[PDB]
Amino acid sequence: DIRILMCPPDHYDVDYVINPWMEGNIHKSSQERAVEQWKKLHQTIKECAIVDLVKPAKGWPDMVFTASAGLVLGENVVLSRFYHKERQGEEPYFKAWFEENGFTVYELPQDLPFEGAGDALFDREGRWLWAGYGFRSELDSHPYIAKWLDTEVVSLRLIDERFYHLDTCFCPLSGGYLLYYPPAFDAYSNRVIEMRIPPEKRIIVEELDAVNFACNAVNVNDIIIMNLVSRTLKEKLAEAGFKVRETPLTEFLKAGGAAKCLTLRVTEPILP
């Protein structure tokens, strides 16, 4: 009953620069290698969850990054309104997928950016929604989300342009654990995190792992899937009870995304 939406890299390239990882990388991706990497990730995820696919649209290479299609809870989705025109053309295709698959879609005002699960991730027990802002999603979008989805929203301010989406530096896990990179957040936001997640449940990443997108991890039950990380972090995760599966995603890091960015969990139960 866990289903994840992905989108294959049929039209994938680096064609523009809308985050720091893309600088110097235009046309530096190998589409064939990207296909191989994506297929390995898809197979690994499919061993843990059902994978649904949306057909990619030519001219929107970042459509592979389905985490930003929208924010799902129950039968509802808040559709993303992308900050950059370079991704705004993905919106009708994602909307069509959500409507075809039975979701009720909420749409933000056109002038109010919000980038979906890329910037907003539920606490895994459903106690609240963590929502990033500062580079893509506007803080003013958070009340809309709170009302549309009937959830407390805990807003977190991102301060490092490399970690421009919440999901690149912050990953709620099963068992109450949180995998995150504190320097991506301002001091107040770190205090907000710390008030809610006690130290024994924090899995703190160091910069070396952060810049390899360690926090951009897919977690299904006790399995965590990520691009590549240190033995130090792998041992911390194993001690917390997680089975780590690594799979190479270098062609996607050239666009500033990794395993989690390539996925959207479309089964998010409403929990009592």
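Note that residue numbering follows the sequence shown and begins at 1.
Colleague: State which stretch shows the higher mean Cα B factor in the entry: 206 to 214 or 52 to 60.
Modeller: The entry gives the higher C-alpha B-factor average to 52 to 60.
Colleague: For the higher mean C-alpha B factor in the entry, choose 62 to 70 or 29 to 37.
Modeller: Taking the mean C-alpha B-factor of 62 to 70 and of 29 to 37, the larger value falls to 29 to 37.
Colleague: If you check the C-alpha B-factor for each of 167, 75, 194, 115 in the entry, which is highest?
Modeller: In the PDB entry, the greatest C-alpha B-factor among 167, 75, 194, 115 is found at 75.
Colleague: Per the entry's Cα B factor values, which of 173, 158, 96, 121 stands out as the maximum?
Modeller: If I rank 173, 158, 96, 121 by C-alpha B-factor, first place goes to 96.
Colleague: Place residue 270 in the lowest, middle or highest third of its chain's C-alpha B-factors, as listed in the PDB entry.
Modeller: Answer is highest: the recorded C-alpha B-factor places it there.
Colleague: Taking the chain's C-alpha temperature factors as the reference, tell me which third residue 198 falls into: lowest, middle or highest.
Modeller: Answer is middle: the recorded C-alpha B-factor places it there.
Colleague: Considering only modelled residues of the same chain, in which third does the CA B-factor of residue 184 rank: lowest, middle or highest?
Modeller: It falls in the bottom third of the chain.
Colleague: Based on the entry's values, in what third of the chain does the Cα temperature factor of residue 24 lie: lowest, middle or highest?
Modeller: For residue 24, whose C-alpha B-factor we compare with every modelled residue in the chain, the answer is the highest third.
Colleague: Hey, what third does residue 221 fall into on Cα B-factor, ranked over its chain?
Modeller: Its C-alpha B-factor, which the entry lists for residue 221, ranks in the highest third among residues of this chain.
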